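Right, one structure below, let's go through it.
Because the Cβ atoms are built from the backbone with ideal geometry, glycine has one as well, and the counts that use them run over all protein chains shown. Nothing in this text is a laboratory measurement; each read-out follows from the coordinates by a stated rule.
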Amino acid sequence: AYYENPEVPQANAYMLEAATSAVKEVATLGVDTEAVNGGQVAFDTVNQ
Amino acid sequence: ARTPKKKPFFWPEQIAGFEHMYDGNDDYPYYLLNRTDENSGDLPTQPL
Amino acid sequence: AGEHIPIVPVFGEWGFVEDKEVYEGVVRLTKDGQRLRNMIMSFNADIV
């Protein structure tokens, strides 16, 4: 008989999937053009 | 965060005097439980 | 020396919820998804 640690529940793994998708979601506004003039286009128009 | 997770169940009468054999640290490479008890002895069968 | 207010705040998307002001950069509710990852990171570190 050998000690059985918490193996990290399926609830934690389910939350990791929801977590990774959530943080990148707002972080990228929406890349209009690769490199310069990415997600900052919305900011750039009203800035000028 | 909140939930009990996979850890061994014991009885209060076989965990008596063992609290240095569980602490989350290496003070031990084994565990100890009470094998026999008064009012008819017992033998291991994985009682946990 | 101005003939108008010389202070120009730049905004991203700007408007009102109804009557309270609200505006957003690329960080607004990005904070949510970062905390779910941090949750799992802090809890499982304790298990380890």
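A few notes on this one:
- Qualifying residue in region A:16-29 (condition: part of a loop (DSSP other than H, G, I, E, B), more than 7 Å from chain C (Cβ to nearest Cβ) and exposed (fewer than 10 other Cβ atoms within 10 Å of the Cβ)): no
- Among (1) at the interface with chain A (Cβ under 10 Å from one of its Cβ atoms); (2) in contact (Cβ under 8 Å) with a residue 12 or more places away in the chain; (3) over 22 Å from C:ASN44 (Cα atoms); (4) not hydrophobic (A, V, I, L, M, F, W, C) - the single one B:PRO44 does not satisfy: (2)
- In region A:1-15, of all residues being surrounded by 15 or more Cβ atoms within 10 Å (Cβ to Cβ) and part of a loop (DSSP other than H, G, I, E, B), the one that is farthest from the other protein chains (Cβ to nearest Cβ) corresponds to A:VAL8.
- Considering residues of region C:1-34 that are in contact with a strand residue (DSSP E or B) (Cβ under 6 Å, 6 or more places away or on another chain) and not in a loop (DSSP other than H, G, I, E, B) only, the residue surrounded by the most Cβ atoms within 10 Å (Cβ to Cβ): C:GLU24
- Any pair with Cβ under 9 angstrom, 6 or more apart, that starts in region A:2-19 at a residue that is without any contact (Cβ under 8 Å) to a residue 40 or more places away in the chain and ends at one that is loosely packed, with under 10 Cβ neighbours inside 10 Å: A:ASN5/C:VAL48; A:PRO9/B:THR3; A:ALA11/B:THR3
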